[PDB]
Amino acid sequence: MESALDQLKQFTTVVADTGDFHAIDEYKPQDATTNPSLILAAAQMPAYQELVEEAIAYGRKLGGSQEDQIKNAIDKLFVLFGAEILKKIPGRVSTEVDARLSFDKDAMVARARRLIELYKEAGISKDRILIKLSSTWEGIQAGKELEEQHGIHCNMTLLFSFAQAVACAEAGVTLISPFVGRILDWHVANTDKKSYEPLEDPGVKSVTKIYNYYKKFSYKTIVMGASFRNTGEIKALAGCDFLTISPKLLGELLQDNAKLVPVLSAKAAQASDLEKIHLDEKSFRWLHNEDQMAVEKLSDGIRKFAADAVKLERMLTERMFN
């Protein structure tokens, strides 16, 4: 159209990164994403206290130990936000399984089926859902199993290293969400270069590289850049399959109207010099370890989400067991 946002929609499928579904439709996204940190934030908003009470009652109604109830309440809460979001958009929503299961393959699978079940009980088809999993080797294997054995589509997140990107591709997962701004954060905090040209942004380069690898070798996994610090990073990735953006940045993209030029494409990726590689667990863990930023961000990413999960549990138990 004319705004940067509408222009971006010509080259990339825009996705809204938030749990605050009231602010969604203003940007008309295709899909939506949520994570432990977003649900937490939104769950504390006055406007959504109604969903929380319903989730609590669900816990209460299913009964069992208090743990069965906080788990089921939280699981339902996620599903509730999910369903509401779905009424506002035409595509899929991403619901993440607890980060504390990041290294437990079977737990992530079982928990994923559980979420898909809860959604099913609410009349929502799994085709509208993307289960978010931490991109650890086990999370990726959980993704593989979910896709191949249960037809459950996944959103591999907290993806930082090229190794992770590769393992996900071979695992044939539906979608990956490479974090861009957090890569910038690491380079800003550790290296001595605190600034980057949109195109030089480390995060943008990781996603650009991953995108070229995926397209050049015909992997059907969807590349969705995520977590952004500015709109320059977003514009430098125009052309990417998908880009999940925060309401704040979506709003900025809706405000300005400079000419937006596509940057990523199947033709440029085909001209890049990347060579195909195969990774078993050993090679994966090694190649991943060689990427310090990735090792440290994936690790801290898991702790932060887990913490958001712990904080959400606490407030809820305090709320339903005084």
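Numbering starts at 1 and runs along the sequence shown.
Here the stretch with the larger average CA B-factor, out of 233-241 and 191-199, is 191-199. On average the C-alpha atoms of 67-75 have higher B-factors than those of the other stretch, with 67-75 and 159-167 being the two compared. By the numbers in the PDB entry, the CA B factor is greatest at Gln49 among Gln30, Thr33, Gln292, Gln49. Of the candidates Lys215, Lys87, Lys105, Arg128, the one whose C-alpha carries the top B factor in the deposited record is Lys87. In the deposited entry, the Cα temperature factor of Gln10 sits in the middle third of values across the chain's modelled residues. Ranked by C-alpha B-factor against the other modelled residues of its chain, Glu275 falls in the highest third. Looking at the C-alpha B-factors along this chain, the one for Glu121 belongs to the highest third. For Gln44, the recorded CA temperature factor ranks within the highest third of the chain's modelled residues. Ranked within its chain, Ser265 lands in the middle third, by CA B factor from the PDB record.
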